[PDB]
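Participant: The structure follows.
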Amino acid sequence: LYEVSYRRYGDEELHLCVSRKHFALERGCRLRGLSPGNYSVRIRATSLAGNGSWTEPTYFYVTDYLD
Ligand SMILES: *[C@@H]1O[C@H](CO[C@@H]2O[C@@H](C)[C@@H](O)[C@@H](O)[C@@H]2O)[C@@H](O)[C@H](O)[C@H]1NC(C)=O
């Protein structure tokens, strides 16, 4: 599996578990219907041995369709 830890600046952390089947199907992850803003993502692969280091933060901006 993988864990996706996203957070829109100021808010609290949101999460998502992406399983193998889920990952191979979706070609990664897909985040559906987030309120607008600049989000910060870290990703962490969990293998048979343990939880391996979080990917440095990436930023993604969901459009405001107003402002
Ligand atoms: C999204 O946010 C990135 C990181 O923001 C940085 O840290 C915060 C706490 C503020 O100090 C901010 O001014 C810093 O830039 C930005 O570097 C990035 O450009 C932003 N992304 C978009 C799409 O606007």
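Every chain in the structure tokens takes a letter, A first, then B, and so on in the order presented; its residues are numbered from 1, and the ligands are numbered from 1 following the presented order.
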Dump the neighbourhood of ligand 1 as a JSON list (two decimals) with C-alpha atoms, in the first residue's frame: all residues within 12 Å, distances computed on only C-alpha atoms and all ligand atoms.

Facilitator:
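pocket-v5.json was written with the following content:
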```json
[["chain", "number", "residue", "atom", "x", "y", "z"],
["A", 7, "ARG", "CA", -3.10, 19.41, 3.55],
["A", 8, "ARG", "CA", -4.45, 22.74, 2.20],
["A", 9, "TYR", "CA", -2.43, 25.48, 4.04],
["A", 10, "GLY", "CA", -3.93, 26.25, 7.45],
["A", 36, "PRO", "CA", -10.29, 25.19, -3.60],
["A", 37, "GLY", "CA", -6.70, 26.06, -2.56],
["A", 38, "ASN", "CA", -2.94, 25.19, -2.57],
["A", 39, "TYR", "CA", -2.41, 21.62, -1.13],
["A", 40, "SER", "CA", 0.82, 19.91, 0.05],
["A", 41, "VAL", "CA", 1.39, 16.20, -0.68],
["A", 56, "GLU", "CA", 9.31, 15.68, -0.27],
["A", 57, "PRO", "CA", 6.20, 18.01, -0.37],
["A", 58, "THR", "CA", 4.67, 18.64, -3.79],
["A", 59, "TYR", "CA", 2.05, 21.38, -4.16],
["A", 60, "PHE", "CA", -1.12, 21.26, -6.18],
["A", 61, "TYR", "CA", -3.68, 24.09, -6.67],
["A", 62, "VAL", "CA", -7.43, 23.32, -6.97],
["A", 63, "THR", "CA", -9.09, 26.21, -8.89]]
```

Participant: May I have the residues within 7 Å of residue A:55 as a list in words, using only C-alpha atoms and disregarding those fewer than 2 positions away in the same chain?

Facilitator: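 The filter keeps residues 42, 43, 44, 53 and 57 of chain A.
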
Participant: Next, the residues of the selection above should be written as a PDB file, in the first residue's frame with N, CA and C atoms.

Facilitator:
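Dumped to out_1.pdb:
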```pdb
ATOM      1  N   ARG A  42       2.589  14.483   0.518  1.00  0.00           N
ATOM      2  CA  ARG A  42       3.700  13.581   0.783  1.00  0.00           C
ATOM      3  C   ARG A  42       3.168  12.172   0.504  1.00  0.00           C
ATOM      4  N   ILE A  43       4.005  11.274  -0.043  1.00  0.00           N
ATOM      5  CA  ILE A  43       3.578   9.893  -0.306  1.00  0.00           C
ATOM      6  C   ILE A  43       4.537   8.897   0.397  1.00  0.00           C
ATOM      7  N   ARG A  44       3.998   7.791   0.998  1.00  0.00           N
ATOM      8  CA  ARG A  44       4.822   6.819   1.736  1.00  0.00           C
ATOM      9  C   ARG A  44       4.455   5.362   1.507  1.00  0.00           C
ATOM     10  N   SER A  53      10.269   6.194   4.165  1.00  0.00           N
ATOM     11  CA  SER A  53      10.374   7.677   4.009  1.00  0.00           C
ATOM     12  C   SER A  53       9.452   8.367   3.039  1.00  0.00           C
ATOM     13  N   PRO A  57       7.494  17.425  -0.008  1.00  0.00           N
ATOM     14  CA  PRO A  57       6.196  18.013  -0.368  1.00  0.00           C
ATOM     15  C   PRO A  57       6.092  18.538  -1.780  1.00  0.00           C
TER      16      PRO A  57
END
```

Participant: Can you pull out every residue within 9 Å of stretch 22-30 of chain A, counting only C-alpha atoms, but drop anything in the same chain fewer than 3 positions away, and send it as a PDB file with N, CA and C atoms, in the first residue's frame?

Facilitator:
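New file part13.pdb:
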```pdb
ATOM      1  N   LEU A   1       0.812  -1.224   0.000  1.00  0.00           N
ATOM      2  CA  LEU A   1       0.000   0.000   0.000  1.00  0.00           C
ATOM      3  C   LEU A   1       0.855   1.289   0.000  1.00  0.00           C
ATOM      4  N   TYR A   2       0.184   2.445  -0.121  1.00  0.00           N
ATOM      5  CA  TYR A   2       0.800   3.766  -0.040  1.00  0.00           C
ATOM      6  C   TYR A   2      -0.115   4.621   0.767  1.00  0.00           C
ATOM      7  N   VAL A   4      -1.019   8.737   1.201  1.00  0.00           N
ATOM      8  CA  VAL A   4      -0.990  10.064   0.628  1.00  0.00           C
ATOM      9  C   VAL A   4      -1.400  11.035   1.752  1.00  0.00           C
ATOM     10  N   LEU A  16      -5.162   9.231   2.709  1.00  0.00           N
ATOM     11  CA  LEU A  16      -5.694   8.282   1.738  1.00  0.00           C
ATOM     12  C   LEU A  16      -4.792   7.048   1.616  1.00  0.00           C
ATOM     13  N   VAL A  18      -3.867   4.021  -0.611  1.00  0.00           N
ATOM     14  CA  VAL A  18      -3.880   3.566  -1.986  1.00  0.00           C
ATOM     15  C   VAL A  18      -3.263   2.163  -1.966  1.00  0.00           C
ATOM     16  N   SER A  19      -4.090   1.115  -2.193  1.00  0.00           N
ATOM     17  CA  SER A  19      -3.625  -0.286  -2.211  1.00  0.00           C
ATOM     18  C   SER A  19      -3.030  -0.586  -3.570  1.00  0.00           C
TER      19      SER A  19
END
```

Participant: In Å, with one decimal, what is the gap from atom CA of residue A:67 to atom CA of residue A:12?

Facilitator: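 Rounded to one decimal, the two atoms are 22.9 Å apart.
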
Participant: Give the helix (DSSP H, G or I) residues of chain A, as assigned by DSSP on the backbone, as a PyMOL selection string.

Facilitator: chain A and resi 20-26

Participant: Any chance you can output those residues with N, CA, C and O atoms as a PDB file, in the first residue's frame?

Facilitator:
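Okay, part_15.pdb is ready:
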```
ATOM      1  N   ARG A  20      -2.276  -1.701  -3.708  1.00  0.00           N
ATOM      2  CA  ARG A  20      -1.661  -2.131  -4.972  1.00  0.00           C
ATOM      3  C   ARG A  20      -2.633  -2.046  -6.111  1.00  0.00           C
ATOM      4  O   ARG A  20      -2.399  -1.260  -7.022  1.00  0.00           O
ATOM      5  N   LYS A  21      -3.738  -2.845  -6.051  1.00  0.00           N
ATOM      6  CA  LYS A  21      -4.795  -2.902  -7.070  1.00  0.00           C
ATOM      7  C   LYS A  21      -5.307  -1.520  -7.394  1.00  0.00           C
ATOM      8  O   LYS A  21      -5.415  -1.170  -8.568  1.00  0.00           O
ATOM      9  N   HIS A  22      -5.492  -0.703  -6.348  1.00  0.00           N
ATOM     10  CA  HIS A  22      -5.963   0.663  -6.450  1.00  0.00           C
ATOM     11  C   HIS A  22      -4.913   1.511  -7.177  1.00  0.00           C
ATOM     12  O   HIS A  22      -5.256   2.231  -8.113  1.00  0.00           O
ATOM     13  N   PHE A  23      -3.637   1.343  -6.831  1.00  0.00           N
ATOM     14  CA  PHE A  23      -2.520   2.061  -7.442  1.00  0.00           C
ATOM     15  C   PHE A  23      -2.270   1.676  -8.897  1.00  0.00           C
ATOM     16  O   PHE A  23      -2.026   2.550  -9.723  1.00  0.00           O
ATOM     17  N   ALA A  24      -2.279   0.391  -9.207  1.00  0.00           N
ATOM     18  CA  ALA A  24      -2.022  -0.067 -10.562  1.00  0.00           C
ATOM     19  C   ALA A  24      -3.155   0.294 -11.479  1.00  0.00           C
ATOM     20  O   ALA A  24      -2.913   0.558 -12.660  1.00  0.00           O
ATOM     21  N   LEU A  25      -4.397   0.307 -10.932  1.00  0.00           N
ATOM     22  CA  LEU A  25      -5.583   0.640 -11.707  1.00  0.00           C
ATOM     23  C   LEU A  25      -5.540   2.118 -12.007  1.00  0.00           C
ATOM     24  O   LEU A  25      -5.262   2.445 -13.154  1.00  0.00           O
ATOM     25  N   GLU A  26      -5.700   2.993 -10.970  1.00  0.00           N
ATOM     26  CA  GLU A  26      -5.691   4.465 -11.082  1.00  0.00           C
ATOM     27  C   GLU A  26      -4.441   5.110 -11.708  1.00  0.00           C
ATOM     28  O   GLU A  26      -4.553   6.276 -12.108  1.00  0.00           O
TER      29      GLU A  26
END
```

Participant: Residues of chain A in strand (DSSP E or B) according to DSSP, as a list in words?

Facilitator: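 Checking each residue of chain A, the strand (DSSP E or B) ones are residues 2, 3, 4, 5, 6, 7, 8, 14, 17, 18, 37, 38, 39, 40, 41, 42, 43, 44, 45, 46, 51, 52, 58, 59, 60, 61 and 62 of chain A.
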